[PDB]
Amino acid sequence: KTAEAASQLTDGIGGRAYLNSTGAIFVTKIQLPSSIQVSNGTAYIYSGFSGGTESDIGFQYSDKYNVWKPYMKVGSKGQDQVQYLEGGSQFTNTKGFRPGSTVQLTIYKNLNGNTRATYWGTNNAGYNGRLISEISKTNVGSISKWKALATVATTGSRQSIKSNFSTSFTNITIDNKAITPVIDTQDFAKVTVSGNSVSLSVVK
């Protein structure tokens, strides 16, 4: 359950802006929240593309480990079909990107038919490095725009959700062009845009 596609199943709360480019290579720097409270569902911070195929590509928060884990789903294939070509033993399974840190996220919509996300960042132990992840055989063609989201999602009821965290997407570029996002939805969130940066705080 996720409408990141401007249909209706944002089965949760949060904020969303749209980056109006059909480009193929997205890059941003994400300021992960210094702390987060989320008490009924699962917090996510992600980019992705929409309009044609849909993708949720970014981070998913872990209370058990207190880390922002790499997360990606393209079309009908998600988390079980993500391979890790580099950095897997420093940023996956128990590990993830540390709270309060900057991570650089580069997304290739279609790189030889594969969808690739590259993270530069620091894990909980303090290792500073690269994770390369990919879903293969996505063969993404036409895309209409890219997104910038901060959410709490749930399979329970949304009205029991409780949250407070804030994040930032800075130096957003697509095909090496700076793109200014446009606010789309604000559901218990406050979304601020300034040039090719967008800051999102989710509070409920």
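The first residue of the sequence shown is number 1, and the count goes up from there.
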For this session: Using only the Cα atoms and their B-factors as the entry lists them, report which of 89 to 97 and 115 to 123 averages higher.
Result: 89 to 97
For this session: Decide which of the stretches 76 to 84 and 125 to 133 has the higher mean C-alpha B-factor, going by the entry.
Result: 76 to 84
For this session: Among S55, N139, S34, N164, single out the one with the highest C-alpha B factor in the record, please.
Result: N139
Exercise. Can you tell me which of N40, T151, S168, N171 has the highest Cα temperature factor in the record?
Worked result: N40
Exercise. Among the modelled residues of its chain, does the C-alpha B-factor of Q60 lie in the lowest, middle or highest third?
Worked result: lowest
For this session: Determine, from the deposited record, the chain-internal third of the Cα B-factor for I143: lowest, middle or highest.
Result: highest
For this session: Taking the values exactly as deposited, rank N66 by C-alpha B-factor within its chain and report the matching third: lowest, middle or highest.
Result: middle
